[PDB]
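Below is one structure; the comments refer to it alone.
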Amino acid sequence: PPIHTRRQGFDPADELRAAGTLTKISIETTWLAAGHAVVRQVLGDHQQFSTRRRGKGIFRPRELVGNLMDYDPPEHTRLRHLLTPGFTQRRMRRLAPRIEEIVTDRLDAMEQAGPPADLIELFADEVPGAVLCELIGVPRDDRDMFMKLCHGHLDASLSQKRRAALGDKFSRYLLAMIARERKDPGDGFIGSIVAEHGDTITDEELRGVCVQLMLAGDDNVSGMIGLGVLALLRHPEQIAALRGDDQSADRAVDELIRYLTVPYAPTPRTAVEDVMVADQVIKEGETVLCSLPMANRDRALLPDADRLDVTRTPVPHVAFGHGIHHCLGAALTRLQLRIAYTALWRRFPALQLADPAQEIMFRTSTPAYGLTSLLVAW
Ligand code: HEM
Ligand SMILES: [K+]
Ligand SMILES: [K+]
Numbered sequence: 007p008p009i010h011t012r013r014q015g016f017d018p019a020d021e022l023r024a025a026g027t028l029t030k031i032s033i040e041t042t043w044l045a046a047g048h049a050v051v052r053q054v055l056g057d058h059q060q061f062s063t064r065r066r075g076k077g078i079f080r081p082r083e084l085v086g087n088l089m090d091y092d093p094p095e096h097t098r099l100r101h102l103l104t105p106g107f108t109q110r111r112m113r114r115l116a117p118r119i120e121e122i123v124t125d126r127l128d129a130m131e132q133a134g135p136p137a138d139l140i141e142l143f144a145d146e147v148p149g150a151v152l153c154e155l156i157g158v159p160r161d162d163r164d165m166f167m168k169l170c171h172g173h174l175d176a177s178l179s180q181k182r183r184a185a186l187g188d189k190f191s192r193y194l195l196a197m198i199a200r201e202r203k204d205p206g207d208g209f210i211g212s213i214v215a216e217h218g219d220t221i222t223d224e225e226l227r228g229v230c231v232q233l234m235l236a237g238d239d240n241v242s243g244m245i246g247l248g249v250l251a252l253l254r255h256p257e258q259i260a261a262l263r264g265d266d267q268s269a270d271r272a273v274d275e276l277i278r279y280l281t282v283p284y285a286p287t288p289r290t291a292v293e294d295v296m297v298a299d300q301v302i303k304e305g306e307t308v309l310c311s312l313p314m315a316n317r318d319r320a321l322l323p324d325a326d327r328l329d330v331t332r333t334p335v336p337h338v339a340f341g342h343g344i345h346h347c348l349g350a351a352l353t354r355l356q357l358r359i360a361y362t363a364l365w366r367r368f369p370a371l372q373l374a375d376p377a378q379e380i381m382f383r384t385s386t387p388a389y390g391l392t393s394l395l396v397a398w
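In terms of the entry's author numbering, the sequence shown is residues 7 to 33, 40 to 66, 75 to 398.
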């Protein structure tokens, strides 16, 4: 496994810690950037670093259309500006009752199944996908078929005939939804965007964007819920931060994102020209991989970065990236994580590992760290 994907419990592995701020490693020829200063520079200075997979404009592959991470300015600048109406603060406030209802249903399922039960299978793996459907406006009756089509086109256990057949039905439903939404836009993700930029944004872009959001906000949030619940059980005096006001909980959630930093790396950058980084020159065309988990344990970011402390004041961590590509789902993640953790200990105040000796089953195969299962009792 690539060294930048190795964890040791909640922490980056020792051999990852042993790599410098900036070193060349092999996957080929690629820089590993691990300091906080150095990572902020690579992620923000889009004047010297491109994210495009090495092909702009009409010549961009269909699989990357609508994926802002493959866009540089000014192409990036246009599409992100055009999606901004779907992420207003009014949007988040209306989604909150819907996230509360989704969280309650999953707690009910856990409470119906009786203890002990798998938190990952019944709670952490179900919420983020239902939340995303609310975001983009999938009908409430189609949530189950939609998630089937969404996972179906990527299930590596399926053949090329099966996955491609499911991928074609996926692109039909969205194009159906967008054209249906375009002809009569109410309030929602598609509706808010086309009512304001209907002439500037194509259905191919709007389809591409909806697909990419499903992929952007699922593995990351489910990972956060599992690791977060286990993080609090291992630091039991910090559960109290989830039993007060919203400021106390929001502060805890943002510390949990930084401490756990579920994604191993952001999109690879390519040097557009010779650029100085940490007293070393990166030649044009060379690749730079960023370790977000090492960046968020950098003791320049904060002393005792390796300790979890949900009462501490937020700091400029890079778990959501930095600069123009900063996670478009950040506010949504903060909201739904606050609703989930808070509701969980409110329904099950006496939550605990079902058996403290059980093995911890870490998710290591996906782009986001997490757990594959977690039996608990209450
Ligand atoms: C635990 C939750 C999440 C984490 C830790 C996370 C992490 C990140 C990171 C590190 C980036 C920067 C990519 C780069 O610079 O290469 C990013 C970008 C992005 N995220 Fe997230 N993400 C999360 C949830 C979500 C959700 C829920 C959504 C959508 C609902 C989302 C949508 C996006 C999009 C579209 C981008 C591309 C932004 C751009 O280039 O303009 N993310 N995310
Ligand atoms: K995913
Ligand atoms: K993983």
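Where is the CB? At the ideal position from N, CA and C, for every residue including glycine.
Residue range of the beta strand (DSSP E) that includes residue i
i, result
"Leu22", "Run containing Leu22: none in the beta strand (DSSP E); it sits in the alpha helix (DSSP H), 20-23."
"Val308", "307-310"
"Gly47", "No beta strand (DSSP E) contains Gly47, which DSSP labels as neither H nor E."
"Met381", "381-383"
"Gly390", "390-393"
"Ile359", "No beta strand (DSSP E) contains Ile359, which is instead part of the alpha helix (DSSP H) from 350-367."
"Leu321", "Run containing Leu321: none; DSSP gives neither H nor E here."
"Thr281", "Taken as a continuous stretch (DSSP letters only), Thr281 belongs to no beta strand (DSSP E), as it is neither H nor E."
Under 8 Å between C-beta atoms of residue i and residue j
i, j, result
"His173", "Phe190", "yes"
"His10", "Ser311", "yes"
"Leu28", "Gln300", "yes"
"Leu355", "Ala251", "no"
"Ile198", "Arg163", "no"
"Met234", "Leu152", "yes"
"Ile140", "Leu371", "no"
"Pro387", "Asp239", "yes"
"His58", "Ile344", "yes"
"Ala261", "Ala46", "no"
"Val295", "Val50", "no"
"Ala285", "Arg358", "no"
"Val231", "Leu194", "yes"
"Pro323", "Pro18", "no"
"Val330", "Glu224", "no"
"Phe16", "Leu394", "no"
"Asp90", "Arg65", "yes"
Extent of the continuous alpha helix (DSSP H) run through residue i
i, result
"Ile302", "Where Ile302 is concerned, there is no enclosing alpha helix (DSSP H), although the beta strand (DSSP E) it sits in stretches over 300-302."
"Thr290", "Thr290 -> not in any alpha helix (DSSP H); beta strand (DSSP E) instead, spanning 289-291."
"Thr97", "95-103"
"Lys168", "163-172"
"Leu155", "147-156"
"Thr124", "109-133"
"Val214", "209-217"
"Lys181", "180-203"
Ligand 3 heavy atom lying under 7 Å from the CB of residue i
i, result
"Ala388", "yes"
"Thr384", "yes"
Expected contact under 8 Å - CB spacing of residue i and residue j to nearest Å
i, j, result
"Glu306", "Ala320", "Not a contact, Cβ separation roughly 25 Å."
"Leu55", "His342", "5 Å"
"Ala397", "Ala374", "4 Å"
"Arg367", "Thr63", "With 8 Å as the limit, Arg367 and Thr63 do not qualify as a contact, their Cβ atoms being about 42 Å apart."
"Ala360", "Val147", "6 Å"
"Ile302", "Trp43", "6 Å"
"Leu169", "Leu186", "6 Å"
Residue i beta carbon near ligand 1 (any heavy atom closer than 7 Å)
i, result
"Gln53", "no"
"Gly106", "no"
"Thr63", "yes"
"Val249", "no"
"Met244", "yes"
"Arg118", "no"
"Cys230", "no"
"residue 35", "Missing here is residue 35: after 33, the next number in the chain is 40."
"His337", "no"
"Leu152", "yes"
"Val308", "no"
"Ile277", "yes"
"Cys170", "no"
"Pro334", "no"
"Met381", "no"
"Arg100", "yes"
Ligand 2 site residues, beta-carbon cut 6 Å against heavy atoms: The set of residues with any CB-heavy atom separation to ligand 2 below 6 Å comprises, in chain order, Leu235, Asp238, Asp239.
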